[PDB]
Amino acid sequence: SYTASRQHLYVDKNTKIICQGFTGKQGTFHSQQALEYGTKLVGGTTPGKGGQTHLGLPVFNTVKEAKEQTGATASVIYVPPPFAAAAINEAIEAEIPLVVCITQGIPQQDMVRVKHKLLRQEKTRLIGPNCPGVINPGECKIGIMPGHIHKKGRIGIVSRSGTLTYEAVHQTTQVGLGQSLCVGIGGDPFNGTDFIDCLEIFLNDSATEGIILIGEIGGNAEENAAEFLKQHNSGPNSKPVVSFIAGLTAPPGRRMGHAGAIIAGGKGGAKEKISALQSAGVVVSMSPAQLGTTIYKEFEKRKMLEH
């Protein structure tokens, strides 16, 4: 089933990348940053510009063309909302092992159709849309995250918020722990990767010794992850998990930017997610500035720091 593609989240130095929307404003700027970061970006697609050259790399009309000619195993999408669901579907049809969609604003009904296709195959793993991407620090950067805040290390981070991902990375770099793999799953209600998907990778990754899970109001994905952690991360060799849930003070009945982020029909509150995660043994930092220090202290108690 589609869960068989979870492994494709763990990009590394050997992952080669194409960029859909390569020649647009944002595809160009963040492709430049990826190039400077050392990531193996080998080309991109822009229908109608196949054959051209961009940032010193070939442009193709189609994903299948670009995949065959470059051997890319991942794609990142900087396509505008009216066309981005089609772009995702093209990458799925081309059996790109990993697809990351940065685009904000894809109609929910479009993403319903995209998930229908996605769930009925397992060659392609989707991260997003409306997400920052994924990064294996020092090895492979796929998205918009500022490169210079990362340091390869020991903490796996999964977040529904792009900018809170940067905060969690920055804080774990500061306290010296670093990051093993960072996945932003995005703020949209229909997406390709949830918390449990990333927690499976994290719990089975020896490089990942602790986990930061960042969530927010809306939906039940945090409650689901709590139960998954209850059953799969309760042993004596359990990995510490620290979390922050945004929106404790948010007003009810309002979309807080993210389509996903809404307290509706008395469901989706933050404290309910905090209590659920606490019941699973997760340590919830009340302040979003203290994720790094909170997980450092959890490492200290467990005698996990080198010192």
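All residue numbers are counted from 1 along the displayed sequence.
Annotation for 230-238 versus 117-125: the higher mean temperature factor (C-alpha) is found in 230-238.
The PDB entry records a higher mean C-alpha B factor for 257-265 than for its counterpart among 257-265 and 275-283. Of the candidates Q26, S243, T45, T249, the deposited coordinates give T249 the top C-alpha B factor. Comparing C-alpha B-factors across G153, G215, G138, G192 in the deposited entry, the largest value falls on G138. When the CA B factors of the chain's modelled residues are split into thirds, the value for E93 lands in the highest one. For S206, the recorded CA temperature factor ranks within the highest third of the chain's modelled residues. In this PDB entry, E200 carries a Cα temperature factor that places it within the highest third of its chain's modelled residues. Compared with the other modelled residues of the chain, the Cα B-factor recorded for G71 ranks in the highest third. Ranked against the other modelled residues of its chain, the C-alpha B-factor of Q20 as given in the entry falls in the lowest third.
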